[PDB]
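Novice:
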Amino acid sequence: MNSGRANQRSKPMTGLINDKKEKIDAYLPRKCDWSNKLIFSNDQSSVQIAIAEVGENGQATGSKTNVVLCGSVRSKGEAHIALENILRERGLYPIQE
Amino acid sequence: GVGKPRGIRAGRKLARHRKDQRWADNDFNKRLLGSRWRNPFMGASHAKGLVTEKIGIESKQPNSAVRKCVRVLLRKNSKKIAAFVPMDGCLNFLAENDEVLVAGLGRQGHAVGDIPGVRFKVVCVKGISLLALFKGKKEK
Amino acid sequence: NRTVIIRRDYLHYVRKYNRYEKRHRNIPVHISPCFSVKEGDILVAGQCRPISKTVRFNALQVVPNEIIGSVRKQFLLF
Amino acid sequence: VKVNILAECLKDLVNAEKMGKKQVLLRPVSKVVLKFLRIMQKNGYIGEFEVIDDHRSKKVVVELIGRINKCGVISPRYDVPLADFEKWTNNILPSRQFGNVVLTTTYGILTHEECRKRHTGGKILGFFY
Amino acid sequence: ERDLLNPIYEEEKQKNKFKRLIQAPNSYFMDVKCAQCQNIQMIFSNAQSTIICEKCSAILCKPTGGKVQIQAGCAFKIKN
Amino acid sequence: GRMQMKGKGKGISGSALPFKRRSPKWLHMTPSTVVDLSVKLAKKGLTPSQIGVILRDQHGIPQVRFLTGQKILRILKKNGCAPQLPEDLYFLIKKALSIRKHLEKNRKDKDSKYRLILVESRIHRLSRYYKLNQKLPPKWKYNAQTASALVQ
RNA sequence: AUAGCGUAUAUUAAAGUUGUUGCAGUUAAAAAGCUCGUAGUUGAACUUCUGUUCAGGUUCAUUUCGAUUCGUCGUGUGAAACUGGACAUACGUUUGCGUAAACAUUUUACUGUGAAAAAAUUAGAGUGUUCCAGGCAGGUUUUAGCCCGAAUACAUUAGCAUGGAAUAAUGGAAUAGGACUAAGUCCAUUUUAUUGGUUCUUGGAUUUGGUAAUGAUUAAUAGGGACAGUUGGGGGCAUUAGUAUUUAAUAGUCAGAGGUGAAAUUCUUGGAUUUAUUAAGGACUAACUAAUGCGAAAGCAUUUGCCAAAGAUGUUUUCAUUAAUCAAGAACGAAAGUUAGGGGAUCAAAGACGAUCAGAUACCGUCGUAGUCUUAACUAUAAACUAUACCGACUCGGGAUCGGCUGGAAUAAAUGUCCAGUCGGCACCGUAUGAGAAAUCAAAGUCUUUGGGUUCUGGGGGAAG
Ligand SMILES: [Mg+2]
Ligand SMILES: [Mg+2]
Ligand SMILES: [Mg+2]
Ligand SMILES: [Mg+2]
Ligand SMILES: [Mg+2]
Ligand SMILES: [Mg+2]
Ligand SMILES: [Mg+2]
Ligand SMILES: [Mg+2]
Ligand SMILES: [Mg+2]
Ligand SMILES: [Mg+2]
Ligand SMILES: [Mg+2]
Ligand SMILES: [Mg+2]
Ligand SMILES: [Mg+2]
Ligand SMILES: [Mg+2]
Ligand SMILES: [Mg+2]
Ligand SMILES: [Mg+2]
Ligand SMILES: [Mg+2]
Ligand SMILES: [Mg+2]
Ligand SMILES: [Mg+2]
Ligand SMILES: [Zn+2]
């Protein structure tokens, strides 16, 4: 039962847009990739993990997946889970052999 | 929870409950039973009276002075009232047994500042103002 | 004698607390001998000229029904 | 003693959204709870949901992402004439710009907006934003 | 990893009967063979009071607290 | 939860009906045969519940209504053996009376006086139900002396 | 501030310090000592879901376009929620010209329209009273005239009319002639210009055949009841023990015992204290005894027997909303105290004394009455304390504990161990990106992102319970 989660990412995020179709929003916060919360200016503990892409020779491609996680999630110790699953849905975990 | 009914047939219990608890609010209480009317002014704004006594009243701690005052016999009530006489040497503008106009001190039934327990002030002497007299606009 | 009392229950709305309140009214009605009236039945009555001190209403139609327990406690708003 | 199944299911829901949970088991359930969910889903907040038939009342699993800031019930279910709409949208909702107050009407259960477009009103159920 | 909709068997078996998704009971029914007269009877898993085989009147089961004590050489199979 | 125990009364005793509504496959008794047994048991003066138990333990009949379509009492009604006063109320009064009995003799026993108050409370509370639902004669009352001669 | 500006008093905001929205009640004022319970308030889930096609608008989007213009219009195409047709076991018959009626659809609350509606007010259109308050007038040389206004909204409750599908209450066929239909029997019966018989209709009742799928939703991790093995320092009767205090008896022995900070009142040769053995008499259940148990709370701890009662667990048992909370009204309710009898060992208010002290009518000591215990009765109160209302959900982790149950393991093979589950209790330890003024709190959390149900209580301090 994945459907809503997928549709959620289907379209891009937009700050405030007036009728003249400007973007009014000073910056577009990163949102957590698990809980989907907003990443604070002030968030002491919010984290962005970059994980490398691997060619069949073991080579790093220089390509990176970035997984953002938010303070409440790491803090509750959900992180070690969230990450793994975020890597499943992106097709990067488990690691093939 | 909240200890308070929420329900659409609950209307009267709610309103009655308020009609009760409302009594703990003081101004409501004092209003609702006549309290105003029994006070020495009989609900009124000011009152006229006669001067029984000129009296000094030693100020509350931590102040020392002699507050000039008068005991007045209110003409409407025939109640005896202890009233303060404002500003400087205004106690002199008063003679025993004059007509005098008296008002509240601004606490509505309570005493102000260092004068203990005295709830009233002097406004007029015979016909004239204490202000008029002080600044020496008119003469008694 | 040839007179019943009828009872109408209604919900009066109290604006402030924004809910209702259960009120009732008792109307004396006149019964023509042509009706069988069990206590706790359903009555239709038409307005009428002043027959007696209390009675301005006369019985038109009786509907039979069964009430359990006393007639008072039973509350029908229709 | 259970009063208001919509209230149970709604509060349990909000709780699990708030705890960052990925889904909710919801029990027991009614028409109204399912129509309310069909409403929130249609409107973008919850995701797909599944109904489970135990021979009695029922259970309902709800996929949530996270969107819901709050979703409440109002009890008692007051009477909301078209005139009173202003009140309830100002009192209940975060801003004019979004969020819904759901109502039962003789035309069915509606976003308060659906009610202006259907021109009716009168029984308040809950809200979500 | 956990899904409420597809809960794991060994887990639900461990849960209390009211806390499972299908809310399924723990009781069974069994065919019991009297040690003496060799009759077959049906007995509820947690059965109340006592059971005597209809042929020879000998004692098959004894009541407890949710267990029935199958007495002596009485052999049984669960029905399902 | 448990009625009239405030504070801690609250727990779950079991029964949980399986999902399959169809009667079980291993069961070879015709619904008619079942109705026969249940009525025999009934005429022997058993309770709808006690009948249920007997059928379940001894006879391999898990749920009688899923077999017949009629619950046990309804069967008893149609087939005419009827438990005049509902088993339900019957036991409550039997109890309230056993407490009367013990209490007339030990008059200093306070707990049993209070327990009695509770049980009678439940009795009236059940009376109202069975009355408004037409299962009891409308003028029927529980009194000490009236109910003591009342088939209990 | 300003041709005005001080002051007094009532009242409005300030006040979420009266709270429906919207407050507080562990310690700031605040949960009733505790249960039962009527009014009141509050109430689990299920029923024409749904799909397919047509049209009308109303919105939306825009790599469709256009036309003109300072932005509307037309048009796309698809996409919505409608609204309304249509067929699908599917919001009704039947009749007269999209609309009436009659029939049928259980009633209502609720909601949408509409009627009925007093002006002045208020909101508000028009209008330069020189502005403006405001008024209802005005504007124009086309002048024995002309142009134009005196709007509209609002008008809460209850009556009235009408559209309604949700929600909420209530209904209907469970002793059924219930429903439809055919055939009879009665009681009425408008018309046939009139009375009489037959009839006809019609409209009620009733008897019997036939038709139909004949008619009873689940069965709440709601509640009542049954039953089965237990568990408990729950209760009431009987029984019964045990040392201990006090006293007595019978033996012994002697000069001191007591008591204190020292002491003194006391007791002692009539032999105390002390020792041994018995006996009398009232209490009291030590140690085991615990962050253990039960009871509604007050409270409950020796043996055995009897009497009724209880939870939790176990149920593929039965009932089927029977439930939650609760003004009335009731059952309890430590101690102390009261009334009438008993009883009286220990302690022990009052009291008598010793001492201490400046004074002690106190703390200490020697005595000692009421009391303490008990029958019948009253009394209703406590820091009656988690100072924390009850029913219900939901939000972290961890061992342990008391009672059931379910498997498993070891042995010396069991009312005993251990292990793993789980239901219910009493708690504890961590922890909260939850709460709080904090102390702290796994509730005191899911509260301005403010509403699950229900009683109670508080509104500065004293006066004053
Ligand atoms: Mg005030
Ligand atoms: Mg002032
Ligand atoms: Mg001072
Ligand atoms: Mg000057
Ligand atoms: Mg429960
Ligand atoms: Mg204090
Ligand atoms: Mg309901
Ligand atoms: Mg049709
Ligand atoms: Mg002795
Ligand atoms: Mg003794
Ligand atoms: Mg113990
Ligand atoms: Mg005495
Ligand atoms: Mg001295
Ligand atoms: Mg003594
Ligand atoms: Mg075992
Ligand atoms: Mg607070
Ligand atoms: Mg904090
Ligand atoms: Mg803690
Ligand atoms: Mg609140
Ligand atoms: Zn045998």
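Residue numbers (the entry's author numbering), protein chains in the order written: chain AZ, 1 to 97; chain AL, 2 to 141; chain AQ, 80 to 157; chain AH, 2 to 130; chain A6, 2 to 81; chain AO, 2 to 153.
Using N, Cα and C, we set each Cβ at its ideal position, and we do this for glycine too.
Can you give the beta carbon distance from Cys116 (chain AH) to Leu126 (chain AH), rounded, assuming they're within the 8 Å contact cut?
Specialist: Between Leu126 (chain AH) and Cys116 (chain AH) the Cβ distance is about 12 Å, and since that is not below 8 Å, they are no contact.
Novice: Within 10 angstroms of the Cβ of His120 (chain AH), are there 16 or more other Cβ atoms? Answer buried if so, exposed if not.
Specialist: That one is exposed.
Novice: Sorted by chain position, which residues of the same chain lie with C-beta nearer than 8 Å to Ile85 (chain AQ)'s C-beta, five sequence neighbours on each side aside?
Specialist: Correct list, in chain order: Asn105, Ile106, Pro107, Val108, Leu122, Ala124, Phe136.
Novice: Can you tell which of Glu89 (chain AZ), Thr65 (chain AZ), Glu97 (chain AZ), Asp25 (chain AZ) has the C-alpha that lies nearest to the C-alpha of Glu2 (chain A6)?
Specialist: When only C-alpha atoms are compared, the closest one is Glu89 (chain AZ).
Novice: Helix or strand or just coil, what does DSSP make of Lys7 (chain AO)?
Specialist: Of the three classes helix, strand and coil, the one that applies to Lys7 (chain AO) here is coil, per DSSP.
Novice: At a cut-off of 7 Å, is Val3 (chain AL) close to ligand 19 when judged by its beta-carbon and the heavy atoms of the ligand?
Specialist: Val3 (chain AL) Cβ: within cutoff of ligand 19.
Novice: According to the Cβ coordinates, are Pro26 (chain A6) and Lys18 (chain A6) closer than 8 Å?
Specialist: Their beta carbons are under 8 Å apart, which means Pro26 (chain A6) touches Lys18 (chain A6) by this criterion.
Novice: Just to check, is the beta-carbon of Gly2 (chain AO) closer than 7 Å to a non-hydrogen atom of ligand 5?
Specialist: Yes, the Cβ of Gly2 (chain AO) comes within 7 Å of a heavy atom of ligand 5.
Novice: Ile47 (chain AH) versus chain AZ: which residues are under 8 Å apart at the beta carbon?
Specialist: Going along chain AZ in sequence order, the residues near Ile47 (chain AH) (Cβ under 8 Å) are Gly4.
Novice: Given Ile53 (chain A6), which residues of its chain have a CB within under 8 Å of its CB, disregarding the five upstream and five downstream residues?
Specialist: Closer than 8 Å at the Cβ level, and outside the excluded window around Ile53 (chain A6), lie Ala59, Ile60, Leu61.
Novice: What does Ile9 (chain AL) touch in chain AH if you count any residue whose Cβ is under 9 Å from its own?
Specialist: Going along chain AH in sequence order, the residues near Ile9 (chain AL) (Cβ under 9 Å) are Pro77, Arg78, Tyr79, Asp80.
Novice: Can the beta-carbon of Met1 (chain AZ) be found closer than 8 Å to that of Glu18 (chain AH)?
Specialist: No; because the gap between Cβ atoms is not below 8 Å, this pair is not in contact.
Novice: Thinking just about the alpha-carbon of each residue, which of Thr82 (chain AQ), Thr133 (chain AQ), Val116 (chain AQ) is nearest to the one in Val141 (chain AQ)?
Specialist: Nearest option by C-alpha distance: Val116 (chain AQ).
Novice: In whole angstroms, what separates the C-alpha of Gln72 (chain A6) from that of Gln37 (chain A6)?
Specialist: The alpha-carbon atoms of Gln72 (chain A6) and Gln37 (chain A6) are separated by roughly 12 Å.
Novice: What residues from the segment 62 to 76 of chain AO come within 8 Å of chain AH, judged by C-beta to C-beta, listed N to C?
Specialist: Under the 8 Å Cβ criterion, the segment 62 to 76 of chain AO contributes no residue.
Novice: Could you tell me the alpha carbon to alpha carbon distance between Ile124 (chain AO) and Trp141 (chain AO), rounded to whole angstroms?
Specialist: Spanning the two alpha carbons is a distance of roughly 12 Å.
Novice: Going along chain AL in order, which residues have a C-beta closer than 7 Å to the C-beta of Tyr96 (chain AQ)?
Specialist: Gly12, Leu15, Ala16, listed in chain order.
Novice: Does the beta-carbon of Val73 (chain AL) have 16 or more other beta-carbons within 10 angstroms, so that it is buried, or is it exposed?
Specialist: Classification of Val73 (chain AL): buried, given that the 10 Å Cβ count is 16 or more.
Novice: Following the continuous beta strand (DSSP E) through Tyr46 (chain AH), name the residue where it begins and the one where it ends.
Specialist: It is not in any beta strand (DSSP E) - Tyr46 (chain AH) carries neither H nor E in the DSSP assignment.
Novice: Taking only three categories from DSSP, how would you classify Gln59 (chain AO)?
Specialist: Of the three classes helix, strand and coil, the one that applies to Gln59 (chain AO) here is coil, per DSSP.
Novice: Throw me the rounded Cβ distance for the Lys55 (chain AL) and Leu102 (chain AL) pair, which I believe falls under 8 Å.
Specialist: Wrong, their Cβ atoms sit about 17 Å apart, outside the cutoff.
Novice: Use the C-beta contact count for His103 (chain AO): other C-beta atoms within 10 angstroms, 16 or more gives buried, fewer gives exposed.
Specialist: By the 10 Å Cβ count, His103 (chain AO) comes out exposed.
Novice: For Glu140 (chain AL) and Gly110 (chain AL), what's the separation of their Cα atoms in angstroms?
Specialist: Those two C-alpha atoms are separated by around 32 Å.
Novice: So, are the CB atoms of residue 216 (chain AO) and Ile73 (chain AO) less than 8 Å apart?
Specialist: An answer regarding residue 216 (chain AO) cannot be provided, because it is not within the stretch 2 to 153 covered by chain AO.
Novice: In the DSSP assignment, what residue or residues form a beta bridge with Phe45 (chain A6)?
Specialist: In DSSP, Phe45 (chain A6) forms a bridge with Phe30 (chain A6).
Novice: Shorter than 8 Å from the beta carbon of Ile23 (chain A6) to some beta carbon of chain AO?
Specialist: It does: the Cβ of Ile23 (chain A6) has a partner Cβ on chain AO nearer than 8 Å.
Novice: Mind checking which residues open and close the beta strand (DSSP E) that includes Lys31 (chain AZ)?
Specialist: Premise fails: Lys31 (chain AZ) is in no beta strand (DSSP E) and is neither H nor E.
Novice: Touching or not, the segment 66 to 81 of chain AZ and the segment 25 to 40 of chain AZ, by the rule of three or more beta carbon pairs under 8 Å?
Specialist: Contact between the segment 66 to 81 of chain AZ and the segment 25 to 40 of chain AZ is present, because at least three Cβ pairs lie under 8 Å.
Novice: Can you pull the chain AQ residues whose beta carbon is under 7 Å from the beta carbon of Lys132 (chain AO), in chain order?
Specialist: Correct list: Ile147.
Novice: Pick helix, strand or coil for residue 1 (chain AO), following the three-state DSSP scheme.
Specialist: Residue 1 (chain AO) cannot be examined here, being either before or after the span of chain AO that is shown, 2 to 153.
Novice: My parser needs the alpha helix (DSSP H) runs of 4 or more residues fully inside the segment 85 to 111 of chain AH; what are they?
Specialist: Fully enclosed alpha helix (DSSP H) runs of 4 or longer: 86 to 93.
Novice: Between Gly107 (chain AL) and ligand 2, is the CB less than 7 Å from at least one heavy atom?
Specialist: It does: the Cβ of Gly107 (chain AL) is within 7 Å (strictly closer) of some heavy atom of ligand 2.
Novice: Roughly how many angstroms separate the alpha carbons of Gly45 (chain AH) and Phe129 (chain AH), rounded to a whole number?
Specialist: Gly45 (chain AH) and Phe129 (chain AH): Cα-Cα distance of roughly 11 Å.
Novice: So with Cβ pairs under 8 Å, would you call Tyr99 (chain AQ) a contact of chain AL?
Specialist: Yes, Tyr99 (chain AQ) counts as interfacial toward chain AL.
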